[PDB]
$ cat data14.cif   # mmCIF, C-alpha atoms and all ligand atoms
data_work
loop_
_atom_site.group_PDB
_atom_site.id
_atom_site.type_symbol
_atom_site.label_atom_id
_atom_site.label_comp_id
_atom_site.auth_asym_id
_atom_site.auth_seq_id
_atom_site.Cartn_x
_atom_site.Cartn_y
_atom_site.Cartn_z
ATOM 1 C CA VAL Y 3 10.686 18.145 -4.985
ATOM 2 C CA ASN Y 4 9.790 15.738 -2.140
ATOM 3 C CA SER Y 5 11.715 13.984 0.673
ATOM 4 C CA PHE Y 6 11.626 10.386 -0.626
ATOM 5 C CA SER Y 7 15.235 9.141 -0.949
ATOM 6 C CA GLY Y 8 16.998 6.188 -2.606
ATOM 7 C CA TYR Y 9 14.152 5.168 -4.941
ATOM 8 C CA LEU Y 10 14.633 3.750 -8.414
ATOM 9 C CA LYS Y 11 12.427 5.515 -10.970
ATOM 10 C CA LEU Y 12 10.331 3.020 -12.968
ATOM 11 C CA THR Y 13 8.115 5.457 -14.890
ATOM 12 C CA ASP Y 14 7.116 9.111 -14.974
ATOM 13 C CA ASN Y 15 5.150 8.614 -11.737
ATOM 14 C CA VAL Y 16 6.147 5.289 -10.102
ATOM 15 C CA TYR Y 17 9.221 4.819 -7.897
ATOM 16 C CA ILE Y 18 10.397 1.731 -5.979
ATOM 17 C CA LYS Y 19 12.742 0.943 -3.085
ATOM 18 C CA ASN Y 20 13.765 -2.049 -0.967
ATOM 19 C CA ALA Y 21 12.529 -0.747 2.372
ATOM 20 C CA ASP Y 22 10.408 -1.510 5.407
ATOM 21 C CA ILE Y 23 7.302 0.636 4.902
ATOM 22 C CA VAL Y 24 7.072 1.185 8.675
ATOM 23 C CA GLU Y 25 10.607 2.572 8.874
ATOM 24 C CA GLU Y 26 10.107 4.578 5.691
ATOM 25 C CA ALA Y 27 6.900 6.132 7.007
ATOM 26 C CA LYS Y 28 8.594 6.957 10.328
ATOM 27 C CA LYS Y 29 11.354 8.819 8.523
ATOM 28 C CA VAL Y 30 9.451 10.603 5.731
ATOM 29 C CA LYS Y 31 6.143 11.253 7.562
ATOM 30 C CA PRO Y 32 4.379 11.275 4.174
ATOM 31 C CA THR Y 33 1.009 12.904 3.643
ATOM 32 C CA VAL Y 34 -0.410 9.450 2.798
ATOM 33 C CA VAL Y 35 0.754 5.949 3.715
ATOM 34 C CA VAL Y 36 -1.223 3.101 2.144
ATOM 35 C CA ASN Y 37 -2.217 0.118 4.262
ATOM 36 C CA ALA Y 38 -2.797 -3.321 2.766
ATOM 37 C CA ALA Y 39 -6.150 -3.630 4.515
ATOM 38 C CA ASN Y 40 -8.925 -6.197 4.600
ATOM 39 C CA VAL Y 41 -12.627 -5.333 4.531
ATOM 40 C CA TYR Y 42 -12.913 -5.604 8.327
ATOM 41 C CA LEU Y 43 -9.845 -3.418 8.971
ATOM 42 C CA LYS Y 44 -8.484 -6.238 11.146
ATOM 43 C CA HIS Y 45 -4.787 -5.430 11.054
ATOM 44 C CA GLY Y 46 -3.428 -8.785 12.137
ATOM 45 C CA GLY Y 47 -0.426 -9.493 9.944
ATOM 46 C CA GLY Y 48 1.511 -8.582 6.859
ATOM 47 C CA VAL Y 49 1.860 -4.879 6.167
ATOM 48 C CA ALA Y 50 -1.285 -4.093 8.167
ATOM 49 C CA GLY Y 51 -0.100 -5.895 11.280
ATOM 50 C CA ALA Y 52 3.251 -4.120 11.056
ATOM 51 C CA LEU Y 53 1.752 -0.650 10.532
ATOM 52 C CA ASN Y 54 -0.717 -1.173 13.359
ATOM 53 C CA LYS Y 55 1.987 -2.430 15.738
ATOM 54 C CA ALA Y 56 4.027 0.719 14.998
ATOM 55 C CA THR Y 57 1.020 2.836 16.114
ATOM 56 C CA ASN Y 58 0.830 0.944 19.439
ATOM 57 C CA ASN Y 59 -2.598 -0.425 18.308
ATOM 58 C CA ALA Y 60 -4.093 3.071 17.865
ATOM 59 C CA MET Y 61 -4.754 2.245 14.198
ATOM 60 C CA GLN Y 62 -6.813 -0.804 15.264
ATOM 61 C CA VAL Y 63 -8.785 1.188 17.859
ATOM 62 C CA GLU Y 64 -9.656 3.846 15.273
ATOM 63 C CA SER Y 65 -10.476 1.163 12.706
ATOM 64 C CA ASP Y 66 -12.847 -0.690 15.036
ATOM 65 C CA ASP Y 67 -14.817 2.521 15.573
ATOM 66 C CA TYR Y 68 -14.889 3.095 11.788
ATOM 67 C CA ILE Y 69 -16.310 -0.387 11.151
ATOM 68 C CA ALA Y 70 -18.836 -0.115 13.974
ATOM 69 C CA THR Y 71 -20.179 3.052 12.326
ATOM 70 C CA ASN Y 72 -19.849 2.247 8.621
ATOM 71 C CA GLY Y 73 -19.628 -1.521 8.224
ATOM 72 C CA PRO Y 74 -17.017 -3.322 6.134
ATOM 73 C CA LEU Y 75 -15.242 -1.947 3.117
ATOM 74 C CA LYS Y 76 -15.647 -3.433 -0.360
ATOM 75 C CA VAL Y 77 -12.894 -5.509 -1.922
ATOM 76 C CA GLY Y 78 -11.289 -2.957 -4.235
ATOM 77 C CA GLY Y 79 -12.378 -0.102 -1.959
ATOM 78 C CA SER Y 80 -10.703 2.160 0.558
ATOM 79 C CA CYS Y 81 -11.136 4.617 3.375
ATOM 80 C CA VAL Y 82 -9.003 7.486 4.679
ATOM 81 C CA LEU Y 83 -8.190 7.392 8.384
ATOM 82 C CA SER Y 84 -5.481 8.902 10.562
ATOM 83 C CA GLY Y 85 -1.838 8.182 9.854
ATOM 84 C CA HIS Y 86 -1.131 8.334 13.601
ATOM 85 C CA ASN Y 87 2.638 8.625 14.214
ATOM 86 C CA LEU Y 88 3.477 7.357 10.707
ATOM 87 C CA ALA Y 89 1.886 9.821 8.245
ATOM 88 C CA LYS Y 90 -0.746 12.532 8.102
ATOM 89 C CA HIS Y 91 -3.287 10.063 6.704
ATOM 90 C CA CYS Y 92 -3.533 6.327 6.153
ATOM 91 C CA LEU Y 93 -5.345 5.201 3.013
ATOM 92 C CA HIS Y 94 -6.626 1.713 3.870
ATOM 93 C CA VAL Y 95 -6.969 -0.078 0.515
ATOM 94 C CA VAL Y 96 -8.440 -3.566 0.113
ATOM 95 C CA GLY Y 97 -6.814 -5.557 -2.645
ATOM 96 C CA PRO Y 98 -8.236 -8.984 -3.468
ATOM 97 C CA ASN Y 99 -6.911 -11.812 -1.292
ATOM 98 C CA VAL Y 100 -6.157 -14.788 -3.534
ATOM 99 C CA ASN Y 101 -6.075 -17.011 -0.451
ATOM 100 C CA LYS Y 102 -9.794 -16.147 -0.063
ATOM 101 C CA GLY Y 103 -10.643 -16.733 -3.741
ATOM 102 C CA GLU Y 104 -11.255 -13.069 -4.578
ATOM 103 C CA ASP Y 105 -11.231 -11.909 -8.191
ATOM 104 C CA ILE Y 106 -7.800 -10.637 -9.218
ATOM 105 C CA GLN Y 107 -9.425 -8.184 -11.642
ATOM 106 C CA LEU Y 108 -10.391 -6.209 -8.526
ATOM 107 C CA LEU Y 109 -6.707 -5.314 -8.182
ATOM 108 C CA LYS Y 110 -7.095 -2.528 -10.759
ATOM 109 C CA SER Y 111 -10.068 -1.085 -8.852
ATOM 110 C CA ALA Y 112 -7.972 -1.189 -5.666
ATOM 111 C CA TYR Y 113 -5.133 0.790 -7.256
ATOM 112 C CA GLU Y 114 -7.601 3.364 -8.646
ATOM 113 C CA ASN Y 115 -8.013 4.607 -5.066
ATOM 114 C CA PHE Y 116 -4.432 5.902 -5.216
ATOM 115 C CA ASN Y 117 -5.444 8.435 -7.910
ATOM 116 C CA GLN Y 118 -7.341 10.458 -5.293
ATOM 117 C CA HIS Y 119 -3.991 11.410 -3.665
ATOM 118 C CA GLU Y 120 -1.216 13.390 -5.322
ATOM 119 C CA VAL Y 121 1.641 11.538 -3.559
ATOM 120 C CA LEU Y 122 1.623 8.237 -1.629
ATOM 121 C CA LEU Y 123 3.956 5.805 0.107
ATOM 122 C CA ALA Y 124 2.560 2.332 -0.552
ATOM 123 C CA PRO Y 125 3.146 -1.421 -0.622
ATOM 124 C CA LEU Y 126 2.327 -3.581 -3.609
ATOM 125 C CA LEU Y 127 -1.377 -4.365 -3.274
ATOM 126 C CA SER Y 128 -2.408 -8.010 -2.952
ATOM 127 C CA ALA Y 129 1.254 -9.081 -2.533
ATOM 128 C CA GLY Y 130 2.663 -10.924 0.470
ATOM 129 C CA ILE Y 131 0.048 -12.806 2.481
ATOM 130 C CA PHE Y 132 -2.693 -11.675 0.067
ATOM 131 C CA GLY Y 133 -1.327 -14.266 -2.353
ATOM 132 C CA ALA Y 134 -1.059 -12.431 -5.681
ATOM 133 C CA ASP Y 135 1.998 -12.366 -7.918
ATOM 134 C CA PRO Y 136 3.918 -9.177 -6.986
ATOM 135 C CA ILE Y 137 5.204 -8.806 -10.564
ATOM 136 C CA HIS Y 138 1.576 -8.612 -11.717
ATOM 137 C CA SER Y 139 0.728 -6.190 -8.925
ATOM 138 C CA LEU Y 140 3.539 -3.876 -10.027
ATOM 139 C CA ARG Y 141 2.308 -4.011 -13.631
ATOM 140 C CA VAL Y 142 -1.250 -3.106 -12.585
ATOM 141 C CA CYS Y 143 0.118 -0.311 -10.394
ATOM 142 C CA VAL Y 144 2.102 1.221 -13.256
ATOM 143 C CA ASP Y 145 -0.815 0.880 -15.678
ATOM 144 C CA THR Y 146 -3.433 2.285 -13.245
ATOM 145 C CA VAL Y 147 -1.912 4.848 -10.884
ATOM 146 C CA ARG Y 148 -1.319 8.269 -12.428
ATOM 147 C CA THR Y 149 -0.371 10.102 -9.226
ATOM 148 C CA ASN Y 150 3.094 9.881 -7.694
ATOM 149 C CA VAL Y 151 3.582 6.576 -5.891
ATOM 150 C CA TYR Y 152 6.626 5.499 -3.879
ATOM 151 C CA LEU Y 153 6.543 1.720 -3.474
ATOM 152 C CA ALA Y 154 8.282 0.060 -0.525
ATOM 153 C CA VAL Y 155 9.185 -3.608 -1.001
ATOM 154 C CA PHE Y 156 10.275 -5.322 2.215
ATOM 155 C CA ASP Y 157 11.995 -8.368 0.715
ATOM 156 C CA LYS Y 158 15.331 -7.615 -0.961
ATOM 157 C CA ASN Y 159 15.164 -10.744 -3.116
ATOM 158 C CA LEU Y 160 11.726 -9.752 -4.426
ATOM 159 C CA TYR Y 161 12.784 -6.133 -4.956
ATOM 160 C CA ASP Y 162 15.637 -7.263 -7.218
ATOM 161 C CA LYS Y 163 13.296 -9.581 -9.139
ATOM 162 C CA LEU Y 164 10.728 -6.787 -9.609
ATOM 163 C CA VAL Y 165 13.356 -4.388 -10.974
ATOM 164 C CA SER Y 166 15.125 -6.960 -13.159
ATOM 165 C CA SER Y 167 11.848 -8.153 -14.734
ATOM 166 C CA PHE Y 168 10.239 -4.724 -15.181
ATOM 167 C CA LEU Y 169 9.192 -3.890 -18.722
HETATM 168 O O1 LIG L 201 8.593 -11.769 1.159
HETATM 169 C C1 LIG L 201 8.376 -10.988 2.299
HETATM 170 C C2 LIG L 201 7.309 -9.962 1.955
HETATM 171 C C3 LIG L 201 5.984 -9.997 2.369
HETATM 172 N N1 LIG L 201 5.397 -8.945 1.866
HETATM 173 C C4 LIG L 201 3.950 -8.586 2.078
HETATM 174 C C5 LIG L 201 3.287 -8.382 0.839
HETATM 175 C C6 LIG L 201 2.975 -6.996 0.498
HETATM 176 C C7 LIG L 201 4.112 -6.024 0.838
HETATM 177 N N2 LIG L 201 4.628 -6.178 2.260
HETATM 178 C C8 LIG L 201 5.359 -5.111 2.906
HETATM 179 N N3 LIG L 201 5.767 -4.106 2.135
HETATM 180 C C9 LIG L 201 6.449 -3.096 2.650
HETATM 181 N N4 LIG L 201 6.750 -3.077 3.923
HETATM 182 C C10 LIG L 201 6.389 -4.047 4.786
HETATM 183 N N5 LIG L 201 6.611 -4.182 6.125
HETATM 184 C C11 LIG L 201 6.063 -5.315 6.529
HETATM 185 C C12 LIG L 201 5.475 -5.926 5.430
HETATM 186 C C13 LIG L 201 5.681 -5.108 4.295
HETATM 187 C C14 LIG L 201 3.898 -7.322 2.949
HETATM 188 N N6 LIG L 201 6.289 -8.220 1.151
HETATM 189 N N7 LIG L 201 7.486 -8.871 1.209
#
$ encode --input "data14.cif" --output "structure tokens"
Amino acid sequence: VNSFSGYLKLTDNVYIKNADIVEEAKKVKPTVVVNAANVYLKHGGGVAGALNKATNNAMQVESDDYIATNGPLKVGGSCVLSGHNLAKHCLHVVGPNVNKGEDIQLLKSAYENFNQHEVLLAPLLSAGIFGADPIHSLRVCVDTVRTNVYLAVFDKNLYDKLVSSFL
């Protein structure tokens, strides 16, 4: 039993809710919240900008030190950093950004990072300002992640479309 509430069950291990991931993280304080990161961990907009803003920019400060030490992530890769006031840990995962021409096949590699964590609160990777089709992202999630994932979808209209079209 866990504290996630109001989710629709899609499969054995994947759950979905119309929710603001920032507000959901604040309330659940999950072990792991996933950030929709870029390789530079520049958390300017989308989910990343919202998560970082909720940490009062502490996520960005920590991220800048990480990059200065380690260099950029790979597209499809991830790193574990602090969850600050939102979660124990933040798993920063880089999905491909279609608006940069990155290969959508890397979306599966991106979701594979979730399998290193037993339970996660997450957005749909490569959705929103990353330019991929969220219906496809949900399909890859379901077909790749084997651990327990609680997906937060900000837009109510999109949430309803994702549920209604789910196979
Ligand atoms: O159409 C509106 C819309 C845009 N996006 C992008 C794409 C990926 C998912 N998403 C978020 N997912 C959960 N929480 C959030 N808070 C703030 C953003 C957010 C950001 N999603 N819906």
$ residues_near_ligand --input "data14.cif" --ligand "ligand LIG 201 (chain L)" --cutoff "10 Å" --atoms "only C-alpha atoms and all ligand atoms" --output "NGL selection string"
:Y and (19-27 or 36-38 or 47-53 or 123-136 or 139 or 153-161)
$ closest_atom_pairs --input "data14.cif" --of "range 14-101 of chain Y" --to "range 106-109 of chain Y" --cutoff "10 Å" --atoms "only C-alpha atoms" --output "tab-separated table"
residue	atom	partner	partner_atom	distance
Y:77	CA	Y:108	CA	7.1
Y:78	CA	Y:108	CA	5.5
Y:79	CA	Y:108	CA	9.2
Y:96	CA	Y:109	CA	8.7
Y:97	CA	Y:109	CA	5.5
Y:98	CA	Y:106	CA	6.0
Y:99	CA	Y:106	CA	8.1
Y:100	CA	Y:106	CA	7.2
$ atom_distance --input "data14.cif" --atom1 "CA of residue 74 in chain Y" --atom2 "CA of residue 35 in chain Y"
20.2 Å
$ closest_residue --input "data14.cif" --among "Y:72, Y:94, Y:14, Y:162" --to "residue 44 in chain Y" --atoms "all atoms listed in the file"
Y:94
$ closest_residue --input "data14.cif" --among "Y:75, Y:87, Y:28, Y:43" --to "residue 57 in chain Y" --atoms "only C-alpha atoms"
Y:87
